[PDB]
Structures are given as structure tokens and as C-alpha cells.
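Just the one chain here, laid out as C-alpha cells, in the form deposited in one PDB entry.
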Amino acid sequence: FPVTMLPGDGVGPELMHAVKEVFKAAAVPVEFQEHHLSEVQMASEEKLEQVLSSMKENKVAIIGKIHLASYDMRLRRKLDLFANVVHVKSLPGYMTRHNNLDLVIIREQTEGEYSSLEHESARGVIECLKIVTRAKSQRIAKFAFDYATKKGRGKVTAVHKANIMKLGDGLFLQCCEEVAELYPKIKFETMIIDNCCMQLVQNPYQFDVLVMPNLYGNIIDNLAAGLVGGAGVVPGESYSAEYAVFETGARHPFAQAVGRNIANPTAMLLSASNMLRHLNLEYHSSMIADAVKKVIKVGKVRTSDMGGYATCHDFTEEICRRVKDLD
């Protein structure tokens, strides 16, 4: 099973190191092929093609954060990764102010304010264009409802600011309201991003699946991730019609911690476990995920973000010995 790997920015390379080590100890029949897109210089469109080419062959990737539009938006258009899914789920032993929480955040990832459409309209007055199209709003709405259909979920909530951006956000809501009628066995609710963010802090349990355009997904991804423990533990994945690339849920380089063996690889490991599920290696997927989850519940070895003193390497090997203790 070949898998495209992009180590990415900041502590990205360190996290792939932990995935690579845990995979070896679990005898994961997976062979990573490494490519580099983050922080390149004219070598831009070349490196993007090597990814698309290996993606046509492997159809599945695992990537760190990736530091004309940005390299991230370009990759996501080049691969058509319109849909991004973040599983916001409590880890049983890792206690926060909101335990037993299980949300899905679905964000559109190819338009909105991430388009880099800005220009100086006069000395000191900058204009910036947020883009909403019918085609992409429809597609992310069908994805969310097919997701909640497949995974046995009850409610899908569309988050927006159509009371202010009546045309653009309005058209996002409209496509959501249209699609919702095709899925009558799924509850459909709408909510203004303002309130939704307050709601998620007071009582996030009222939600199930959320779907939203780009910028609101970047906010809610991070807010909700912080509910269940923060960027060290929360995973993510991005889909095309034929591709699936797995990543962290609240994407951050963590420049501070590079070289200090400090970063928590839980998010990247859990993500790698979902990647294995996507590859029909269910036995390996549930083993790695169960080992990650048990080392945290037990409480002996834990990184700084989770109240402990352990290094990233200490925590990683505790996982490896536990997985080897299963084969």
C-alpha cells in the first residue's frame, strides 16, 4: 500500500517520524513516499505536479501543515480537496472542561476569503473579495449530508452570517436548505457564526455535524479542538472525489517546539489510524488507535499539553511498546 507523505512545516517532520515509528512497530503494510511542498521557492508549480502525479497513483496522503494563492490553497485546488472533516472527540482519560464530546466539523476549503483576491482601491483602502459559488456550496452540503447519512448521525447544522452578507452567505445557506430537503431523515438546523461560537462554549453537546464555508471552518476547527484538548490531539482529513489526505484538525506549525522534542503526536497518530481505516486495514487502524487511547487513559506517560512531563519521543515509544504488545 503506497501512501504519499508531505512532512510539512514546523513540527510536521517530527510528527511524521512518530507515525513512521508506530507503523513499523505495528507492522503496517504501508510504504510512505516522501515529497516536499512546504516552503519551496519557481519550483512551486513543479513540486505541485509531482504530488498530483503520485496522488493519481496512491490516491491517499498524510501531510503536515503547508506554509497567486497560498501553497495550501493551490494544493487543495490541484487535488480538488473541497471537503475537510475534523472529528472533535474527547479522549477518555484526558480530562477537560467538556468531556464526552463527539462533533464533526465540515468546512469548504477552496473559496471564501482564502482566495488571495485583494487590491489597493486607493491610498490606504484595501479591498478583499470573499467568493461563494453555487457549485461549491452545493457540493460541500451534499458531502456533509452523505457523511451524516453514512456514519449514522442525526443533525447537520449550517453556520453562516447571511444576516450581513445576504447575497454571498445567503447563497451558501440556500444551497444547504436545498440539499437538506433530499435528506429528510436528517435534522437540519441553521445558526449564525456569532451565536454558534458562544453555543459551542456553553453547551457544545447541542451539535452533531456542522457544515460551513472556509473562514468559519478555520475558527470552529480551532475552537472545537480546544474543547477536547487542543491541537495536539485532534485529527483531520480532506477529501476529493478520488483522493483522501489526512492531517491535523487545528492546523498549526508550532515553530516554538521544533527541535525540543515537545510536540504531542496524538493528533497525527489518530489521523494515521483513520488513514488506515480508509485503506481497509481495519485491524491495524483499530490497534494503533486503541493503543494511543490507552496510553493516555492510563496516565503514566503524557506530554506537556496533557499535564505530563514526557518528551515526544518518550510518548511515542510508549505507544510502540503497547502496539508490539498486541501482535
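Rigid core: the largest C-alpha set superposing within 1.5 Å between the two forms. One rule holds for the numbers: they count along the sequence shown, beginning at 1.
What follows is about the form deposited in another entry, which we do not show.
Here the two forms are overlaid on the core, and between this form and the one not shown the C-alpha of 254 is the only one among 207, 143, 82, 254 to shift by 2 Å or more.
By 3 Å or more, the C-alpha separation between residue 7 and residue 256 shrinks in the other form relative to the form shown here. In the other form, the Cα atoms of residue 197 and residue 256 sit 3 Å or more nearer to each other than they do here.
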